[PDB]
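Asker: PDB entry and its sequence, pasted below:
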Amino acid sequence: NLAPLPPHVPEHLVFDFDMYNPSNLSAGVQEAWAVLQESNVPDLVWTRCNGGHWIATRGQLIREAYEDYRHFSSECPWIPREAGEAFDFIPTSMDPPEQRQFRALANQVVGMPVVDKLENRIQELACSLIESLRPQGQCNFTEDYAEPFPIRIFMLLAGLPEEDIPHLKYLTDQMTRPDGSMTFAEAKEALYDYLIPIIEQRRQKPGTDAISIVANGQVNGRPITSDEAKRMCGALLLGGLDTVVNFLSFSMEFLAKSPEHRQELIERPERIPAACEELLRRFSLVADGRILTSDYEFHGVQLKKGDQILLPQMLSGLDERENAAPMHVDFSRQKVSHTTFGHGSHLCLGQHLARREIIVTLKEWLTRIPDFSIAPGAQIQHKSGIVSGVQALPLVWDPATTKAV
Ligand code: HEM
Ligand SMILES: [K+]
């Protein structure tokens, strides 16, 4: 259950937070993680759960640690330790300076330019998907939109057949929110098994998809290996198969329970981008960490070489020391401060594709289905992990109140 407290960790800084099953999970994931920012919780605590590790609970500690890659390496960014040791995706598991040459190549396949090309296809799928649901007066948001909308776009960018989705979605899920059926190492191996033949095929007959680009690309001049390409594609898959999907559910869940917020975006649609950003703050969902490369005293606390430290990207924006009334959603918030797409040299390369997908969704959905509620009596369940998510979101609505385009 609880790993014995290392001799160097102070007894008074112990807070046994379980990142995969947080005590207040019923109150909502963010609410569950926010218990870390309650009155008597220190800036940095040690939890004996999951092998034991440090956890920065406030924004400036989280931001500072992400900026200092010399002390907080991404070498072992996953918890538990054995998962963080198996974690070898590129560029996610590399620290500057070597990280840069690989990050540039990845930025070329999912970057802004790529997003602009993909826009019209993103809108079609959004509308196509929404219009088909419109008349039914109901849906299971997670499997009827949250998943297919962003995943099909990714599989399109990657040039992978949609039939592989069930298998890939399962693998990435086990990496972020393991249900126990398989370890991170096992899921990685299976993911690599999937990619190997694809990378070599795409490398023989070069296409124009993200995978072909990576497999045939160069890192600051020299040719990328078949292995480096495999570790890079893994990162891209992990990144765009699990993230946007779960976030869309947090947003739509909130919108379903908040008609005043819905009508605001209805009457004033130009504020949608702003709402997108505020929503990304309030419903941030990623939380991974770093490993100490040497003994180091951080904020009056002695950290030992090898110690793992969870730096919850999610907690920064929920930090009342960053945003007043952090748990309150305000589309007009003056300065939306957050680290939802990370901080430092590993800033999310897919943030632009993510924002686009979120904004297009808000627009097209409210345009066709402005009024909708959560199925009556439905107890919504969140799941916690490296990436938190929503188990299911049943939505209902009167078709008579909808409008086709
Ligand atoms: C709501 C959507 C998303 C959120 C909140 C998000 C969040 C994050 C975070 C917090 C990190 C930093 C991890 C660290 O520092 O260890 C990250 C990295 C990354 N994400 Fe995103 N992500 C999202 C969507 C995506 C998508 C759709 C893609 C694929 C197109 C993607 C690709 C990546 C990549 C490749 C990295 C690694 C960057 C590096 O290591 O330099 N992400 N993301
Ligand atoms: K590793």
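Answerer: That came through fine. Numbering: from 1, shown residues only. Ligands and ions are numbered 1, 2, ... in the order given.
Asker: List, one by one, the residues from this protein near ligand 1.
Answerer: For the chain, the residues in contact with ligand 1 (Cβ under 6 Å from any ligand atom) are 74, 77, 91-92, 103, 106, 110, 235-236, 239-240, 243-244, 247, 286, 288, 313, 340-342, 346, 348-350, 353-354. Backbone N, C-alpha and C define where each C-beta goes, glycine included.
Asker: OK, contacts around residue 310?
Answerer: Counting by Cβ atoms under 8 Å, 6 or more residues apart in numbering, residue 310 touches 19, 53-56, 79, 287-289.
Asker: what about residue 271, neighbour count?
Answerer: 15 (other Cβ atoms under 10 Å).
Asker: before we move on, what SS does the closest residue to residue 251 other than its chain neighbours have?
Answerer: Counting by Cβ to Cβ, 6 or more residues apart in numbering, residue 279 is the residue found nearest to residue 251 once chain neighbours are left out, at 4.9 Å. Of the three states, residue 279 takes helix according to DSSP: H, G, I helix; E, B strand; the rest coil.
Asker: Just among the contacts of residue 310, which is most surrounded?
Answerer: residue 55 leads the contacts of residue 310 on contacts (other Cβ under 10 Å) with 29 neighbours.
Asker: For that one, give its distance to ligand 1.
Answerer: Going from residue 55 to ligand 1 by Cβ to the nearest ligand atom, to the nearest Å gives 15 Å.
Asker: surely that residue meets residue 46?
Answerer: Yes - using Cβ atoms under 8 Å, residue 55 is in contact with residue 46, at 7.4 Å.
Asker: what sits in contact with each of those two?
Answerer: Residues touching both residue 55 and residue 46 (Cβ under 8 Å, 6+ apart): residue 15.
Asker: one step back: please identify which of the contacts of residue 310 is nearest to residue 364.
Answerer: Taking Cβ to Cβ as the measure, residue 287 is the one of the contacts of residue 310 closest to residue 364, at 29.7 Å.
Asker: Closest residue of the stretch 201-350 of the chain to ligand 2?
Answerer: residue 291 (8.5 Å; Cβ to the ion).
Asker: helices or strands up against the helix or strand harbouring that residue?
Answerer: Here residue 291, judged by DSSP states H and E, is contained in strand 288-292. Helices and strands touching strand 288-292, by 3 or more Cβ pairs under 8 Å, 6 or more residues apart in numbering; DSSP states H and E, are strand 72-73, strand 308-311.
Asker: any idea which of the ones you listed is most buried?
Answerer: Burial of the helices and strands packed on strand 288-292 is given as mean neighbour count (mean count of other Cβ atoms under 10 Å); strand 308-311 ranks first at a mean of 24.
Asker: On the C-terminal side of that one, identify the next helix or strand.
Answerer: That would be, after strand 308-311 and using DSSP H and E, helix 313-318.
Asker: Give me the contacts around that next one.
Answerer: 30, 33-34, 36-37, 56-59, 62-63, 280-282, 284-288, 322-323, 326-327, 336-343, 388.
Asker: can I get the CA coordinates of the strand holding residue 291 in PDB?
Answerer: The C-alpha trace of strand 288-292 is given here as PDB (Å, rounded to 0.1, in the frame of the first residue of the first chain):
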ATOM      1  CA  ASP A 288       3.500  13.800 -15.200                       C
ATOM      2  CA  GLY A 289       6.900  14.500 -13.700                       C
ATOM      3  CA  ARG A 290      10.700  14.500 -13.600                       C
ATOM      4  CA  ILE A 291      13.600  12.700 -12.000                       C
ATOM      5  CA  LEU A 292      16.300  14.400  -9.900                       C
END
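Asker: Contacts for that strand next, please.
Answerer: 53, 65-66, 71-79, 84, 303-311, 313, 386.
Asker: just stretch 274-283 next, same as before
Answerer: Contacts for stretch 274-283 (Cβ under 8 Å, 6+ apart): 30, 247, 250-251, 254, 261, 264-265, 317-318, 323, 326-327, 329-333, 336-338, 340-341, 355, 358-359, 362.
Asker: roughly how far is that stretch from the heart of the chain?
Answerer: Put simply, stretch 274-283 sits 14 Å off its chain's centre (Cα atoms, centre = their mean, to the nearest Å).
Asker: Equivalent analysis for stretch 388-397, please.
Answerer: Distance, stretch centre to chain centre, for stretch 388-397: 17 Å (Cα atoms, centre = their mean).
Asker: Let's see that stretch as PDB, backbone CA atoms only.
Answerer: Extracted C-alpha coordinates of stretch 388-397, given in PDB (Å, rounded to 0.1, in the frame of the first residue of the first chain):
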ATOM      1  CA  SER A 388      -7.400  12.100 -16.300                       C
ATOM      2  CA  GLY A 389     -10.600  11.500 -18.100                       C
ATOM      3  CA  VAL A 390     -14.400  10.900 -18.200                       C
ATOM      4  CA  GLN A 391     -15.800   7.400 -18.200                       C
ATOM      5  CA  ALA A 392     -19.100   8.200 -19.900                       C
ATOM      6  CA  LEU A 393     -21.200  11.300 -20.700                       C
ATOM      7  CA  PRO A 394     -24.900  10.600 -21.600                       C
ATOM      8  CA  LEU A 395     -26.500  13.700 -23.000                       C
ATOM      9  CA  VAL A 396     -30.100  14.300 -23.900                       C
ATOM     10  CA  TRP A 397     -32.000  17.100 -25.700                       C
END
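Asker: and the closest residue to residue 258 other than its chain neighbours, how many residues sit next to it?
Answerer: Spatial nearest neighbour of residue 258, chain neighbours left out: residue 329 (7.4 Å); criterion: Cβ to Cβ, 6+ apart. As a burial measure, residue 329 scores 18 neighbours (other Cβ under 10 Å).
Asker: please begin residue numbering at 26 from this point
Answerer: Let's use 26 as the start, then, which means that last one is residue 354.
Asker: Give me the nearest residue to residue 278, chain neighbours excluded.
Answerer: residue 418 (5.4 Å).
Asker: Tell me which residues touch that neighbour, please.
Answerer: By Cβ under 8 Å, 6+ apart, the contact set of residue 418 is 165-167, 171, 274, 277-278, 281, 399, 405.
Asker: ok, now how distant is it from ligand 2?
Answerer: 34 Å (Cβ to the ion, to the nearest Å).
Asker: and the gap between residue 348 and residue 289?
Answerer: Computed with Cβ to Cβ, to the nearest Å, the distance linking residue 348 and residue 289 is 19 Å.
Asker: The two - which one has more neighbours?
Answerer: More neighbours surround residue 348 than the other of residue 348 and residue 289, with 23 against 17 (other Cβ under 10 Å).
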